[PDB]
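Examination of the molecular architecture
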Amino acid sequence: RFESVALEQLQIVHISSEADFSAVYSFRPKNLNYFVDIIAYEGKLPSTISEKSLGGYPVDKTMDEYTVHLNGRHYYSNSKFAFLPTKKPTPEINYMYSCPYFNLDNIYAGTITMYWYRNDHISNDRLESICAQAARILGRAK
Amino acid sequence: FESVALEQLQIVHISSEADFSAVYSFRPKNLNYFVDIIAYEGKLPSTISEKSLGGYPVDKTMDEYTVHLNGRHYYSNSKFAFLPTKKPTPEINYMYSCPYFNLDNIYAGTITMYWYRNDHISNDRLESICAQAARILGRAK
Amino acid sequence: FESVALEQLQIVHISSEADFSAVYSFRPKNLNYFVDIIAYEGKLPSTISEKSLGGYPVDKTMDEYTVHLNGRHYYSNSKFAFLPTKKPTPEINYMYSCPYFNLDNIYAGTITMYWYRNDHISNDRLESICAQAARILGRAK
Amino acid sequence: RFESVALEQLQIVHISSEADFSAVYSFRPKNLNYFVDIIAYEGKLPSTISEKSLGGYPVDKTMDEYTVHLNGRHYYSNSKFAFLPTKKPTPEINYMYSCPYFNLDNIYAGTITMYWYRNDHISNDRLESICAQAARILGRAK
Amino acid sequence: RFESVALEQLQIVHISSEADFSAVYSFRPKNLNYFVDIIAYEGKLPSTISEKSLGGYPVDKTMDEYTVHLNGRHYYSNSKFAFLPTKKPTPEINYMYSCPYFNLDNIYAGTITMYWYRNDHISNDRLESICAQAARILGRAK
Amino acid sequence: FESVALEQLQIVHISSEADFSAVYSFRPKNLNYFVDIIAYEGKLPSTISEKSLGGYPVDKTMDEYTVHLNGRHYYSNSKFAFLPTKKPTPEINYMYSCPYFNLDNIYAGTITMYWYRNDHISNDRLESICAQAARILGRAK
Amino acid sequence: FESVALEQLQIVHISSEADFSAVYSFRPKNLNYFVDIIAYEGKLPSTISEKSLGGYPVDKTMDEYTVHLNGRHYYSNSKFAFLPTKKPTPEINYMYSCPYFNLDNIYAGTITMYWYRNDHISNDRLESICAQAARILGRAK
Amino acid sequence: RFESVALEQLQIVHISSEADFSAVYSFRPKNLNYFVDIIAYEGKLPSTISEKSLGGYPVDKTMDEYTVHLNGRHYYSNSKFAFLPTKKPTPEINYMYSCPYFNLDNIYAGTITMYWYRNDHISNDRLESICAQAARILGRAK
Amino acid sequence: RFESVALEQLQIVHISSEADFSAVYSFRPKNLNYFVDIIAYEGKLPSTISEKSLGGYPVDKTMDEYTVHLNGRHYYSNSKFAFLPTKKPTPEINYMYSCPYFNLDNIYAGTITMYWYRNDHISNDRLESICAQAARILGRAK
Amino acid sequence: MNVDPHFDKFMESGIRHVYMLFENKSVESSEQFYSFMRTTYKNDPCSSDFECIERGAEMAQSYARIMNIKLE
Amino acid sequence: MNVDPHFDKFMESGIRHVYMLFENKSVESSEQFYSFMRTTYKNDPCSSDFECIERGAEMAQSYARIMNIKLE
Amino acid sequence: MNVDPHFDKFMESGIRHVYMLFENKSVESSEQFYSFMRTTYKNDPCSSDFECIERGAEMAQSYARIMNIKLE
Amino acid sequence: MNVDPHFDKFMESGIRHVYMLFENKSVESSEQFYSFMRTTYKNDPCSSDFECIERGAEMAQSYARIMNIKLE
Amino acid sequence: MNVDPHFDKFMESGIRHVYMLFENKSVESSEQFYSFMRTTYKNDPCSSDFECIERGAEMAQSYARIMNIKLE
Amino acid sequence: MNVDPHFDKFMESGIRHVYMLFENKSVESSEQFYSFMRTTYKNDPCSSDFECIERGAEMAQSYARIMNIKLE
Amino acid sequence: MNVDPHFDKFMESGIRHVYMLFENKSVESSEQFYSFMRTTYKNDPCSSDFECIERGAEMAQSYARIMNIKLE
Amino acid sequence: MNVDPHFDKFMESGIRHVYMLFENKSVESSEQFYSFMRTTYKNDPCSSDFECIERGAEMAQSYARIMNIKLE
Amino acid sequence: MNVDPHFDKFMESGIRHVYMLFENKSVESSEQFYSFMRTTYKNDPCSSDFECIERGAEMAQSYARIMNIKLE
Amino acid sequence: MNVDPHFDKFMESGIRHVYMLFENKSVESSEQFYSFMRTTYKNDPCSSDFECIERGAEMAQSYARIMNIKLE
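Per the deposited record, X-ray crystallography is how this structure was determined, to a resolution of 1.6500 Å.

So, in structure tokens, the structure goes:
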């Protein structure tokens with residue numbers, strides 16, 4: 001089932017990447033993507049979001065993470081957190097790395113995202129392999 | 001939905017006085033790789049046939065596709081993007097089409113009228129005929 | 001049809017700002033001996049209950065029935081023909097209703113708004129809200 | 001089946017009544033009655049109608065046969081032939097007698113009609129009994 | 001359906017017999033017959049029973065109407081009213097005549113009963129034929 | 001019910017130490033014109049066979065039927081009312097049976113033990129064995 | 001089984017003269033993580049409701065669970081282990097329960113009586129009422 | 001199917017462990033465990049049991065292998081053979097090592113057991129890994 | 001599905017073996033094997049066959065590749081190309097290596113074949129392992 | 001309407017004199033009532049206003065009594 | 001019992017004079033026999049002891065003959 | 001009747017000593033009474049005339065008292 | 001009739017001004033005419049006597065012209 | 001995206017002017033908002049940038065006011 | 001274990017005093033033994049340690065004697 | 001009981017830390033919860049007391065979050 | 001659109017180089033083609049433009065060959 | 001092979017004398033050839049080597065001539 | 001035949017050493033035996049004569065033992 005696969009892959013990604021905080025984001029409605037939810041996370045929540053604010057955040061499709069994912073590439077940044085469900089800056093985050101996942105109907109359905117509150121993170125070529133594998137598996141689950 | 005398409009196309013065909021009219025439908029949902037004629041009125045163009053009305057590949061770079069996605073109607077004397085033949089079909093003098101969008105707000109097909117003759121009623125009248133059918137088909141599925 | 005009724009009533013209820021709104025449906029088809037509430041929004045009048053929303057007898061001699069069959073909307077401060085109780089329900093200050101007609105062109109039910117408070121938007125605005133829903137419900141079955 | 005019952009009852013009515021020409025009329029669409037068809041007949045067609053003109057005749061609901069039937073009574077006339085599918089007068093007909101039939105959903109669905117080209121016909125009290133029985137049976141068939 | 005047949009046969013019996021009051025009695029539970037209900041009646045209720053007392057009356061199987069019926073005979077009396085749902089005498093009744101009916105599983109299921117508040121009633125040979133026919137039909141209905 | 005009959009008869013057969021035991025069942029319900037063996041333990045009497053265990057006519061004038069309807073157990077050295085053969089079967093030295101009554105309180109069958117040998121445990125012990133099974137079978141359908 | 005539970009509880013409730021009685025059932029089979037009220041008689045305690053009768057977590061460390069597994073009945077003035085609320089419910093003055101064990105010999109639920117009033121018949125009488133129902137429910141599934 | 005999985009895992013365990021004799025034990029009835037069967041074995045049977053005595057042996061739940069397994073641990077011994085279907089001592093066995101398996105309903109369902117007729121066996125940390133993997137797989141099969 | 005498995009295994013075999021041209025052959029009718037088709041290939045077609053001649057070639061069961069496969073062995077040759085759909089010699093091929101595959105009903109169903117237009121090829125022990133694995137997988141697919 | 005006027009009087013009388021007294025009105029109770037009235041009429045149709053009204057009220061009363069339907 | 005006494009005589013006569021001669025008694029053969037006797041009676045019930053006994057024996061005989069049921 | 005004679009004695013005793021005194025007799029009151037008596041008996045069948053008569057009356061009386069049934 | 005009064009006015013106007021002039025009336029000609037009129041109305045219902053009469057006649061006339069229906 | 005561009009402009013205007021100000025955002029608040037906006041549009045589609053932006057904002061605002069949605 | 005403790009004591013007594021002495025133990029011998037013990041208990045459950053131990057042994061012994069089971 | 005002790009700790013921890021906070025407990029909600037916990041454990045079983053307790057509480061929390069189950 | 005850009009290139013290449021040559025295009029033939037391309041991609045997705053285009057054309061060609069689909 | 005040896009001789013003769021000369025071999029040409037040969041044989045099986053070889057060649061030749069199959 | 005020679009040796013060994021000893025041979029018992037041998041082989045095929053013969057006999061023996069199939 002999708003939910004068990006999402007939780008398993010998020011655990012693998014979080015442990016492999018050594019990230020401080022990792023999340024699975026999911027878009028709604030299908031094929032329209034006006035809202036995004038954090039459906040699962042590992043590690044410590046950023047101070048700018050809360051357990052009660054994980055759902056129903058509006059998607060700004062003009063954020064370049066959205067366009068980079070639809071161009072077939074992973075996304076990373078030190079300051080731009082498109083789907084993190086707060087309008088506040090979050091300077092405690094020093095790095096994010098995300099990859100899109102596409103459902104069985106080949107539609108952009110969400111992201112798998114890793115965050116660092118510290119400056120050191122493993123290299124992008126390793127993060128790419130970790131994310132790509134998880135996104136392949138999650139994209140087969142629903 | 002198939003009943004609604006047939007009923008709406010009959011009104012479109014009679015009120016537009018077209019020679020040939022069709023409802024086109026895209027598949028798979030949301031992806032629109034193929035287009036089928038799911039209802040037609042009038043005389044089929046010589047370049048297509050009853051046995052070849054489904055499964056035609058969609059070239060999304062054709063002007064009609066991009067115009068419809070801009071929410072506008074399309075007309076042309078020579079370009080018949082979804083007509084299910086690769087042949088030019090010069091017997092058609094005019095086409096007028098309007099997109100319809102399904103209940104999930106996705107581009108789902110077209111309503112199209114064709115003229116073999118060189119006269120047709122004004123685009124302003126065609127626009128109203130098409131829009132009315134498109135709004136109803138858009139709610140039907 | 002039941003989905004369409006629910007969706008349309010939500011828009012009717014919000015745009016009219018009514019306190020209670022309902023879609024009524026007649027049975028048997030064509031004969032209209034009974035009337036059911038098949039969807040409602042807002043707070044149920046105290047005189048009716050969830051367990052008593054169906055099977056209410058239709059008195060076709062009531063003004064609302066004859067006005068609807070003349071193709072007009074109905075409003076009243078005191079007469080609630082299809083509200084499924086014999087009690088007068090004085091807590092209602094106003095009702096506004098419009099008929100809908102099914103795909104076979106037969107009077108099939110109503111869309112009705114109710115106010116417990118003494119203020120309501122103009123009948124001209126209620127007329128447009130109701131008519132739009134009635135045309136769509138009329139095509140849905 | 002309705003069609004076999006219609007034919008059987010029309011035969012009974014025609015023979016019992018000694019009419020010259022008898023017909024079953026049927027309205028369409030259901031519950032709207034904009035058109036009427038002669039679906040079966042016995043005896044000799046009036047000269048003003050033909051085999052090819054039996055279907056699709058417009059119903060004038062303002063003809064008093066329509067209102068008399070909806071008031072619960074049989075109808076008879078020497079000159080008014082509401083559903084006979086011609087606009088021409090038919091003076092060869094000297095008498096008509098009709099009764100409505102109502103389908104299983106209790107809707108006015110058509111008529112059973114007898115015609116005379118002669119002046120003598122059996123009395124209305126007998127025609128009423130003949131028609132009422134046939135209409136009861138036909139009203140159970142569909 | 002049983003209930004329509006019961007009502008139709010009771011009407012026929014009441015009219016044919018010229019009785020003042022007629023009833024269909026039904027036993028419960030099946031094959032045990034501890035209680036009896038008046039499920040339908042025609043004419044005027046005896047003054048000793050009421051609309052609200054028609055159901056759930058205990059069956060005294062030692063009343064000879066019960067044994068006479070199981071012996072294959074109709075029952076009649078001027079004073080003994082076994083299943084009439086009152087313990088009071090009812091002297092306003094001058095005559096009763098009843099026949100049993102047996103269901104499709106051949107079990108004693110109730111009675112069809114006629115009552116007279118006057119002294120004149122049609123002869124028993126006629127009442128027997130009237131009752132026997134109704135009981136045959138009712139015994140086929142359930 | 002058929003499982004309950006089998007389980008109960010196994011206990012009856014072992015605890016009574018009978019040579020042959022059977023559960024009999026009447027049909028049709030309430031009327032009891034026929035009797036079937038629906039479960040048995042031990043060695044079938046020579047006068048009956050596997051292919052002949054059902055559909056035997058019930059003679060309600062036999063002593064066993066009237067005793068059971070008086071609510072008592074039955075025993076005999078020679079009368080085997082429901083044993084599905086017309087032959088006398090002298091190889092049986094003793095039978096003991098008890099009725100069971102279904103959930104509608106109707107006489108529905110028997111639990112019966114048979115001895116080919118000339119010794120058997122006391123009727124007092126057979127009575128308890130039978131009654132226990134009869135109460136449980138009586139609740140099972 | 002559900003019919004048997006209802007029938008048995010009616011007798012338990014009337015013969016014990018309790019104010020509220022219930023049959024509890026454990027799930028999943030053999031594991032008993034959750035407990036449901038599957039039949040009740042009388043007036044529901046104010047702390048529970050019709051919509052909340054199923055899916056209550058079982059705390060196997062509660063005295064009632066361990067006593068039942070020792071094969072004994074349980075009674076208390078204040079501990080209501082399986083009553084589907086975390087609230088204390090002081091309106092209950094007494095509870096008496098007995099376990100039942102299914103056809104696979106596994107602890108499967110309880111039969112429980114409750115008193116809001118301060119008087120109740122003797123435990124010796126409650127013991128017989130409960131045991132009789134428990135033996136029958138234990139055979140029903 | 002369970003039986004194919006049991007045979008495959010027993011083969012893997014026997015080969016990996018280098019045991020002299022290996023068996024799968026299975027309890028009956030479900031959730032009651034009054035009897036135990038050797039349903040499959042590899043290697044040479046101990047001289048104290050036979051092919052005809054593999055089924056229906058009574059379970060003594062007071063043997064500490066039973067309690068150790070329900071406490072979440074593997075069991076090993078030089079002399080105590082709880083489910084081996086003989087009451088005789090078997091001194092030819094110098095070592096046993098067993099792990100429980102739990103079915104899909106999470107119930108103690110049997111054991112996977114290895115035996116040595118010699119004094120040398122591979123270390124318990126290796127036997128634990130071998131057994132735990134087989135028991136995980138067998139516990140998913142039924 | 002069989003066709004996806006055939007294509008996947010052919011790709012694996014072609015890449016692993018470093019062959020110049022690889023094909024999956026399939027026999028028809030089932031259990032009779034009168035005809036053979038090239039249903040998939042990788043690499044460059046031999047000049048003696050064409051895209052339009054891949055189907056319906058007659059099987060000569062007296063060619064020793066057929067008998068070697070039914071004897072349980074792989075086949076190799078420098079000059080004998082039994083199922084290659086041409087009667088012409090093909091001297092451009094310097095080596096062929098094939099293994100049979102057997103369907104789920106255990107019937108000889110086709111071959112997996114590698115060809116070299118050059119003299120150097122990896123050793124037969126490696127080709128055997130490559131082919132045997134692919135044939136095991138393909139034999140489970142239909 | 002285009003209705004059988006004798007059935008309509010029969011049904012309306014049953015509704016106005018008996019069905020309106022039903023304690024528990026529902027889709028089901030109205031469907032079962034209409035089904036019984038429709039079939040009863042078709043089996044033996046009334047043919048004048050006061051006959052239809054009398055027979056409709058009596059048959060609805062008979063229906064409520066034989067089905068043990070709670071009134072008032 | 002609470003049985004129709006005329007059916008009971010009809011059935012018992014069929015049983016005692018004919019069904020007891022059936023060569024192959026079974027659940028099925030008894031069910032089909034009862035079904036035929038029950039329906040035959042209900043279609044035209046007898047109404048006195050000796051009539052029921054005569055008609056039950058004759059109808060069971062007719063049943064065995066028309067169904068080619070083996071007797072004795 | 002083919003009835004369990006002990007249940008019949010038990011039930012008739014409850015009817016004759018208690019149910020007959022119910023003020024409001026109805027289909028529902030009779031159905032509820034039989035339901036209680038049926039299960040009470042089946043749980044623990046009486047086995048003599050005296051026990052059946054005594055227990056039938058006592059159990060019906062407890063039912064009427066506990067359910068607060070209005071008597072005559 | 002329980003008919004939508006605007007549709008009825010629209011349809012009757014098309015019948016009385018156009019359909020009545022059809023040379024070849026048949027079941028099929030009537031079915032095709034109603035189909036066209038039904039959907040034309042439902043797409044955009046008329047809402048006054050004058051609009052319904054005018055539009056019913058105009059739309060029926062266009063239908064007869066465009067379909068080349070022979071008139072009288 | 002293959003989205004109806006007028007609906008998209010309408011929805012984005014409601015999101016950017018109103019929904020973004022919702023104090024309590026959730027799966028349920030977003031689902032209810034889209035449901036209202038979807039049907040409002042489909043009943044009467046806007047057909048220009050200006051109309052879609054204006055109507056999307058106005059209709060979302062009415063929804064928040066009428067449903068008493070707490071804003072920021 | 002969540003087992004009925006009286007059945008468990010009964011069964012273990014039958015196992016330890018009787019079943020353990022069976023000469024030919026098998027899947028089938030164990031299944032038949034449990035079947036007999038299960039129903040014997042459920043018909044009339046023992047309710048004390050002493051009664052369960054005594055009855056379990058006595059009933060298992062009767063089963064072995066009556067079925068002529070070869071013991072050790 | 002005869003339960004897997006590591007699953008039991010896993011499940012009990014999920015119950016005691018998360019399921020007991022479910023706002024709407026039902027047969028369905030408990031069945032879906034047990035189904036998710038059972039499958040999760042079987043896919044990757046824990047193997048010591050505190051590991052099982054930590055993982056059971058976290059997986060139940062993850063379950064409630066991903067299924068949008070209302071807590072407290 | 002919101003499509004996987006690598007699947008889209010894979011599919012479009014298959015369409016433009018192979019499917020457009022299908023002799024008998026139909027709903028069925030397009031559905032079976034899409035089903036094969038979708039599953040093939042998901043099993044082993046390409047990850048750059050020219051790789052996707054090469055693999056999509058080759059896999060569509062392989063599909064037509066193995067299914068004996070008539071081209072041109 | 002477990003093949004009918006006479007059919008096999010017949011078929012192989014048709015293959016070796018005729019089918020091998022077909023200019024355009026395909027899945028379809030092979031399927032049509034086998035269909036003809038299969039039924040020709042089954043209608044009237046040959047029963048000796050000489051008859052099977054002769055008839056297989058003659059019948060395949062007639063098939064190629066009558067169907068105008070291009071040979072090499 | 002056209003059979004997999006390693007499966008054939010595997011199966012024939014199972015047949016000749018074990019299946020021929022089955023006490024109750026039937027269509028069902030042979031189908032279940034073949035199903036188990038076929039699947040076992042396909043999961044891990046043997047690849048030489050004496051290996052296939054040894055493994056086939058042992059797997060058939062294992063099958064009979066685990067299914068409690070009566071031999072001899």
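Having seen it, we continue.
Within chain J, the regular secondary structure consists of three helices and zero strands. Secondary structure elements in chain J, listed N-terminal to C-terminal, are α-α-α. Its C-alpha radius of gyration of 12 Å places chain J within 12% of the 11 Å reference for a compact globule of 72 residues. Seen along its three principal axes, the alpha-carbon backbone of chain J occupies a region of about 30 × 20 × 20 Å. Pairs at least 24 apart in sequence give 67% of the contacts found in chain J among residues at least 6 apart. A total of about 3,300 Å² of accessible surface is found on chain J, and carbon and sulfur atoms cover 48% of it. Placing the 8 positive and 12 negative side-chain charges of chain J at their respective mean positions leaves the two points 2 Å apart.

Kept free of each other, chain A and chain C leave a smallest C-alpha distance of 17 Å between them. The closest approach of any C-alpha atom in chain B to one in chain L is 50 Å; the two make no contact.

On to the sheet that holds strand β3 (residues 56-57) of chain B. Strands sit in the order β3-β2-β1-β6-β5-β4 (chain B) across an open sheet of six strands; the sheet is antiparallel. This sheet does not close on itself; its edge strands, each paired only once, are β3 and β4 (74-76) of chain B.

With that settled, consider the state of the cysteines. Inspection of the entire model under this criterion finds 10 disulfides over all chains. Across a sulfur-sulfur distance of 2.1 Å, K:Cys46 and K:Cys52 are joined as a disulfide pair. Where K:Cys46 bonds to K:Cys52 through sulfur, the torsion about that S-S bond is close to 105°, and the disulfide is right-handed. The pair K:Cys46 / K:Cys52 is uniform in exposure class, with both members buried. No disulfide involves B:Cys98; its sulfur sits 3.6 Å from that of B:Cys130, the nearest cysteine.

Glancing now at the packing of helix α1 (residues 2-16) of chain F against helix α2 (residues 27-43) of chain O. Here α1(F) crosses α2(O) at 95°, and the two axes come no closer than 10 Å. Relative to α2(O), the element α1(F) lies roughly perpendicular. For the pair formed by α1(F) and α2(O), the contact residues are F:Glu7, F:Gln8, F:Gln10, F:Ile11 and F:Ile14 on the first element and O:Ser35, O:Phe36, O:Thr39, O:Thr40 and O:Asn43 on the second.

A word on the packing of aromatic side chains. On inspection of all chains with the given rule, the structure shows 243 aromatic pairs over all chains. Ring plane angle 35° and centroid distance 5.4 Å describe the contact between C:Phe20 and C:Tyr114, whose orientation is recorded as tilted. Remark: C:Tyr114 occurs in strand β6 (residues 107-115) and C:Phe20 occurs in strand β1 (residues 20-27); sequence separation between them is 94 residues. Across the pair, C:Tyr114 and C:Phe20 agree in class, each one buried. Relative to N:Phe22, the ring of N:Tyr19 has its centre 4.7 Å away and its plane inclined at 50°; by these criteria the two rings are tilted.

Turning to the packing of helix α1 (residues 2-17) of chain I against helix α3 (residues 49-66) of chain Q, a few remarks are in order. Helix packing geometry: the angle between the two helix axes and the distance between the axes. As a packed pair, α1(I) and α3(Q) sit with axes 11 Å apart at the nearest point and diverge in direction by 125°. One element, α1(I), and the other, α3(Q), form an angle in the oblique class. Judged by the twist between their axes, the crossing of α1(I) over α3(Q) is right-handed. Listed contacts from α3(Q) to I:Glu3, I:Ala6 and I:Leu7 of α1(I) are Q:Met59, Q:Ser62 and Q:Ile66. Considering only residue class, the contact of α1(I) with α3(Q) consists of four nonpolar, one polar and one charged.

Taking 1.5 Å as the rise per residue, helix α3 (residues 49-66) of chain P with 18 residues should run 26 Å; its terminal C-alpha atoms sit 26 Å apart, in good agreement. Buried within α3(P) we find P:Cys52, P:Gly56, P:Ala57, P:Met59, P:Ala60, P:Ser62, P:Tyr63, P:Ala64, P:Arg65 and P:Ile66. The secondary structure elements touched by the buried residues of α3(P) are α1 (2-17) and β2 (35-43) of chain A together with α1 (5-17) and α2 (27-43) of chain P. Trailing α3(P) by a residue or two, P:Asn68 shows a phi angle of about 55°, which is positive.

This part takes up the interface of chain B and chain Q. Every contact between the two is made by 16 residues of chain B and, on the other side, 18 residues of chain Q. Between chain B and chain Q, roughly 1,300 Å² of surface is buried when both sides are summed, and carbon and sulfur atoms account for 62% of that area. B:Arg27 is paired through a salt bridge with Q:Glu31; the nearest N and O atoms lie 2.9 Å apart. The tally of links between chain B and chain Q comes to six residue pairs in polar contact. Of the residues assigned to the side of chain B that touches chain Q, the class counts are six nonpolar, four polar and six charged.

Turning our attention to the pattern of salt bridges. The final tally for this structure, using the stated rule, is 133 salt bridges over all chains. Two residues, E:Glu51 and J:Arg65, come together in a salt bridge whose shortest N-O distance is 2.8 Å. Taken together, the residues span two chains, with E:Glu51 in the loop between β2 (35-43) and β3 (57-58) and J:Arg65 in helix α3 (residues 49-66). Residue E:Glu51 is classed as partly exposed on the basis of its relative accessible area, which comes to 39%. Since its relative accessible area comes to 18%, J:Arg65 is described here as buried. As a salt-bridge pair, S:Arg38 and I:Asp105 come within 3.3 Å of each other at their nearest N and O atoms. Placement of the pair is S:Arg38 in helix α2 (residues 27-43) and I:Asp105 in the loop between β5 (95-102) and β6 (108-116), with the two residues belonging to separate chains. A relative accessible area of 41% places I:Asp105 in the partly exposed class.

Basis of the calculations
- Residues numbered from 1 in each chain as written, not as in the entry; some residues may be left out.
- Chains lettered and ligands numbered in written order.
- Part of a larger assembly, values for the part shown.
- Heavy atoms only, no water.
- Helix = DSSP H or I, 4+ residues; strand = E, 2+ residues; numbered from the N terminus.
- Rg over C-alpha atoms; globule rule 2.2 N^0.38 Å.
- Contact = heavy atoms within 4.5 Å.
- Areas by Shrake-Rupley, 256 points an atom, 1.4 Å probe, with all protein chains shown as cover.
- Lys, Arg positive; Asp, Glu negative; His and termini not counted.
- Charge placed at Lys NZ, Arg CZ, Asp CG, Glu CD.
- Pairing = 2+ DSSP bridges.
- Disulfide = S-S within 2.5 Å.
- Buried < 20%, exposed > 50% of the residue type's maximum accessible area, 1.4 Å probe, protein only.
- Axes fitted to C-alpha atoms, helices over the stretch in contact; angles between N-to-C directions.
- Parallel < 35°, antiparallel > 145°, perpendicular 65-115°, else oblique.
- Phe/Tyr/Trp six-rings, centres within 6.5 Å; stacked < 30°, edge-to-face > 60°.
- Left-handed = near helix turned anticlockwise from the far one by under 90°.
- Nonpolar A, V, L, I, M, F, W, Y, C, P; charged D, E, K, R; others polar.
- Expected span 1.5 Å × (residues − 1).
- Buried area = accessible area lost by both parts, 1.4 Å probe.
- Salt bridge = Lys/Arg side-chain N within 4 Å of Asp/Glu carboxyl O.
- Polar contact = N/O pair within 3.5 Å; in protein donor to acceptor, adjacent residues only side chain to side chain.

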